[PDB]
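Q: Chains as they are written, first to last, in the working numbering: chain A, 6 to 132; chain B, -14 to 133; chain C, 5 to 53.
Here a beta-carbon is modelled for each residue, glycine too, at the ideal position from N, C-alpha and C.
A single structure is presented below for examination.
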């Protein structure tokens, strides 16, 4: 996600590079045009569309207007944005920003006593 | 102008003489029109004053009867500003679509373009609408002078 | 499966399975949530209800 000559596609291709033969990986329906991949979850197989992934994973945006608000007349919007120091105009990745806090959670749970309430869907007809 | 108001107009006009002859210096005309809820531009006032000259503008006087005929002439006009466009112009000084302009840039324009105001004039106006970063929100300032 | 099927059609969705417990969506507005029922279970052991 941090290299010019790279695209969602470029990504996927590399994706096939590493995993490729992963017991839990599988390649799409010859639609690398959309460039998609599959992974064998526990709930079953899924064909993900790697498209636009690098963009989202970066979360960029026009700091010009960003800061523009940072001092806007409207206080609510003021305090809302009051913290714009991380905006992108040119730090940490979404996937790891998340994946980092989700280890915080997975940590306390392992330090508490679990009580499982396994919900079960009866039908997909919403009947 | 219904006598009802015309009757009061006098109350306003009269409420404008430091000494007492019952005359409003050619200068005061403007503020008296304003006080009566009028927003005549600087030209709209001179036009109905025969375009005098600074000097004589502090000597010449006015009497309600000769003033009233002007109050109206102005009262009925062709246009007027409005949020719609009014702010549309200030939003051009909004450094970065923030929705706010620096109380210094606003303070400039207002005293360097068209009917140039005074350093104090603008001070008294914006004063108290600048935030921590001295940022004013035109949209509002607009409404302020307006709806006010 | 069976058990779950029956209880399900009978109107009961919550069922115990050892420690954890299953809970088939009803999708219907069953009437088993109310102050009344709250106090019924208040303090009540695992089996007393």
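Have a look at B:15, B:81, B:66 and B:132 and flag the residue whose alpha-carbon is nearest the alpha-carbon of residue 34 (chain B).
A: Looking at the Cα atoms, B:15 is the closest of the given residues.
Q: Below 8 Å on the Cβ atoms is my contact criterion, and I expect residue 72 (chain A) with residue 89 (chain A) to pass it. Report the Cβ-Cβ distance as a whole number of Å.
A: Contact holds; Cβ gap of about 6 Å.
Q: Would you list the residues sitting across from residue 124 (chain A) in a DSSP beta bridge?
A: Per DSSP, C:27.
Q: Determine the DSSP secondary structure at residue 21 (chain C), reduced to helix, strand or coil.
A: In the structure shown, residue 21 (chain C) sits in a strand (DSSP, three-state: E or B).
Q: Are there 16 or more other CB atoms within 10 angstroms of the CB of residue 76 (chain A), so buried, or fewer, so exposed?
A: So residue 76 (chain A) ends up on the buried side.
Q: Leaving out five residues before and five after residue 130 (chain B) in sequence, what residues of the same chain have Cβ atoms less than 8 Å from its Cβ?
A: If we look at residue 130 (chain B) and ignore the five residues flanking it on each side, its Cβ neighbours are 110.
Q: Measure the alpha-carbon distance for residue 44 (chain B) versus residue 29 (chain B) and round it to whole angstroms.
A: Taking the straight line joining both Cα atoms gives about 20 Å.
Q: Kindly indicate the opening and closing residues of the beta strand (DSSP E) around residue 44 (chain A).
A: Element bounds for residue 44 (chain A): 41 to 45.
Q: By Cβ distance below 8 Å, which residues in the same chain neighbour residue -9 (chain B) in space, the five residues on each side in sequence not counted?
A: Contacts found: 53.
Q: Report the residues of the region 12 to 32 of chain B with a CB closer than 9 Å to any CB of chain A, ordered along the chain.
A: Against chain A - using a Cβ distance shorter than 9 Å - the region 12 to 32 of chain B contributes no residues.
Q: Name the residues in the region 84 to 106 of chain B whose C-beta lies less than 7 Å from a C-beta of chain A; which are they?
A: Answer set for the region 84 to 106 of chain B: 84 and 85.
Q: Residue range of the beta strand (DSSP E) that residue 51 (chain A) falls in?
A: Element bounds for residue 51 (chain A): 50 to 54.
Q: Let's see if you can read the secondary structure: which residues bound the beta strand (DSSP E) around residue 13 (chain C)?
A: Note, residue 13 (chain C): premise wrong, no beta strand (DSSP E); alpha helix (DSSP H) at 6 to 14.
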